[PDB]
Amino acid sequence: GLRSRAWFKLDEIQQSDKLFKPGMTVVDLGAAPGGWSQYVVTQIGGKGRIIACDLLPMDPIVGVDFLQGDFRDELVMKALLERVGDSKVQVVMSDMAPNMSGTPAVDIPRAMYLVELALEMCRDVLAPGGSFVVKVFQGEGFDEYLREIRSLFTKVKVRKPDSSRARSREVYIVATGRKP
């Protein structure tokens, strides 16, 4: 197809939640191969920009400052913050997912650690009034994580994009209005 399933999932979320506007600065976590950043550039336009990160390398995209590295490493976090600089960040988007073993009691904790790191980054860099979109899996830790997100944002919705495989346990938490 012309675009990836991931690109279509974000397009569906943009349609339901209107997260991306012209000129915004966006952080893209777990960006490879680049569908979400590709999609967001069409919305924020040439004057907006994205600071992206993934363990894997990916094709460059004009307007996207991409840093290959392990988001769990504080050194990588520091380098991402050097790319954000004093730019106000209006949206943090995370599609990070760990390598899956196939065993829930192992995969869920692995995944939950990554989304907790994404939320912590929201606390530090997401501007007041900003948004967060994050891939989360159903099951252990979901309730507590949604609660943590609801305490940091004004409105929170749980989305299951039509393009998201009904067989997959993923959902996308879409939070808006980051609190002061």
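In case it trips you up, residue 1 is the first one in the sequence shown, and so on.
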Comparing 160 to 168 with 9 to 17, the higher average Cα temperature factor in the PDB entry belongs to 160 to 168
Averaging C-alpha B-factors over each stretch, which comes out higher, 85 to 93 or 98 to 106?
98 to 106
Using the entry's values, work out which of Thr154, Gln38, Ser131, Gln43 has the largest Cα B factor.
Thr154
The residue of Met121, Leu114, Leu55, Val64 with the maximal C-alpha B-factor according to the PDB record is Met121
Taking the values exactly as deposited, rank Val125 by C-alpha B-factor within its chain and report the matching third: lowest, middle or highest.
highest
CA B-factor ranking of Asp143, expressed as a third of its chain:
middle
Cα B factor band for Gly30 (lowest, middle or highest third within the chain):
lowest
Cα B factor band for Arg150 (lowest, middle or highest third within the chain):
highest
